[PDB]
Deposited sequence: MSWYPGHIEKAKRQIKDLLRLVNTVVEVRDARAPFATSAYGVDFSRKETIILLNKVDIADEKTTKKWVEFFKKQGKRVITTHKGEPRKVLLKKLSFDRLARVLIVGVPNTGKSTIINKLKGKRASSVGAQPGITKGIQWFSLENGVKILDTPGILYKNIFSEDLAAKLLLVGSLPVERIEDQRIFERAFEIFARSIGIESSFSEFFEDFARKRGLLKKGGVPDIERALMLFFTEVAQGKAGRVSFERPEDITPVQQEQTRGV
């Protein structure tokens, strides 16, 4: 978490920042903590393919109204369309940054292609330079809601969660966003059974159901679902 200080070292190399956020949770996955006010910053709302389309549009409007440079994209959107959306200035030297899991390596791979002393640049056709390694932001989780949302987008591992109320919060957010009403306890006993997750004694393994469930949610395998609205639910 302390580097951060390293993000500052990477920032000195660049004049432009692409902040890679998950469109399902744009506040939760914001790069809060690090100062980008001296750089040209683009907010990229990634993974729109597994996000609620209505909620994503509201996020775009929200950021446009804040006077912010914002685009939306996904893994399967062509390199040409992405670059057109980004529309980098001729002098751009770009750092891709974000919290874990938001799609940064995937974006670099698309940008780079078969093209290629510390971090290296690759250049676009028009000369713009992009650092070939992303900066990864680890931020302060003070709230249960922030941890729950970072869990849902796969940014924060189940292993790192020490309060069961964070699992409950995440399930509540999920359940609301998809329509479910069921108790937490009943949902995960059932999931653990439907998936063959049994401990010794043949007891449903809730720990493993949670890990697998949230891994599946993070991957978009549990519905086209968003977890935050501008908005503010």
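Residues 1-8, 125-134, 252-262 of the deposited sequence have no C-alpha coordinates in the structure.
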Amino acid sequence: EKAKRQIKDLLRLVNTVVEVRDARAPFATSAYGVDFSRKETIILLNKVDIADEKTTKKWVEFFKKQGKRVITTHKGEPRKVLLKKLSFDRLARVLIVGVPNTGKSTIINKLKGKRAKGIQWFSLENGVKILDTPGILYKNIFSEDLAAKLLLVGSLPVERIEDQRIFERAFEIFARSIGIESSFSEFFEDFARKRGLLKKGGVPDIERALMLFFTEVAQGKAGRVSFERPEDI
From here on, numbers count along this sequence of modelled residues.
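The PDB entry records a higher mean C-alpha B factor for 135-143 than for its counterpart among 135-143 and 152-160. Note on 86-94 vs 107-115: mean CA B-factor is higher in 107-115.
Across the residues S185, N46, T55, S177, the deposited record lists the maximum Cα B factor for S177. Within the selection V203, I42, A28, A51, the deposited Cα B-factor values reach their highest point at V203.
In this PDB entry, the Cα temperature factor of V18 sits in the bottom third of its chain's modelled residues, the lowest group. Among the modelled residues of its chain, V217 has a C-alpha B-factor that falls in the lowest third according to the deposited record. When the modelled residues of the chain are ordered by C-alpha B-factor, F167 sits in the lowest third. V225: CA B factor in the middle third of modelled residues in this chain (values from the PDB entry). The PDB entry assigns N126 a C-alpha temperature factor belonging to the middle third of its chain's modelled residues.
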